[PDB]
Amino acid sequence: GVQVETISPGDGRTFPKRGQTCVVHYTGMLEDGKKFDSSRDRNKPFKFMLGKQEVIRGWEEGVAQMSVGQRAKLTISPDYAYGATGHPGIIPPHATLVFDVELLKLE
Numbered sequence: 194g195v196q197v198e199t200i201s202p203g204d205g206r207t208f209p210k211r212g213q214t215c216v217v218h219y220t221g222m223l224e225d226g227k228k229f230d231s232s233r234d235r236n237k238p239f240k241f242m243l244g245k246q247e248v249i250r251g252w253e254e255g256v257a258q259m260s261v262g263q264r265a266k267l268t269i270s271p272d273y274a275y276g277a278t279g280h281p282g283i284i285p286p287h288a289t290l291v292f293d294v295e296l297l298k299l300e
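Residues 194 to 300 in our numbering are what the sequence shown spells out, letter by letter.
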């Protein structure tokens, strides 16, 4: 399902763990390449404890594969995201997500 892909290498070491405050700039675009979200546009770094289940399952799972300082593409499967439900008002149901994640810093 989810198929996170390395873009550019990080430390190659510190993968995300339980309870860590993951910190990433990112953007979010559909399969079509149409965007729906940007971390940077806000210019605010995005922060989330991993395993907290506060996010879509694919984000919760696939970020862990990334290293600190790594840039990576999250081609998250819809089932691991909003899926058939879809994100109301934004993401149409059954749409694979594509994130240009950059793991700034685990915290």
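Think of the CB as a built atom: it goes at the ideal place given N, C-alpha and C, for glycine as much as any other residue.
Exposed is the label assigned to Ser201, since fewer than 16 other Cβ atoms lie within 10 Å of its Cβ.
The beta carbon of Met222 sits closer than 7 angstroms to the beta carbons of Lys228, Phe229, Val291 from its chain, once the five residues preceding and following it are set aside; these are given in chain order. Judged by DSSP in its simplified three-state form, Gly282 adopts coil rather than helix or strand.
Your pair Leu299 and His218 does not check out as a contact, with CB atoms roughly 14 angstroms apart and the cut at 8 angstroms. Listed in chain order, the non-local C-beta contacts of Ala257 below 7 angstroms within the same chain comprise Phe208, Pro209, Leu243, local neighbours out to five positions each way being set aside.
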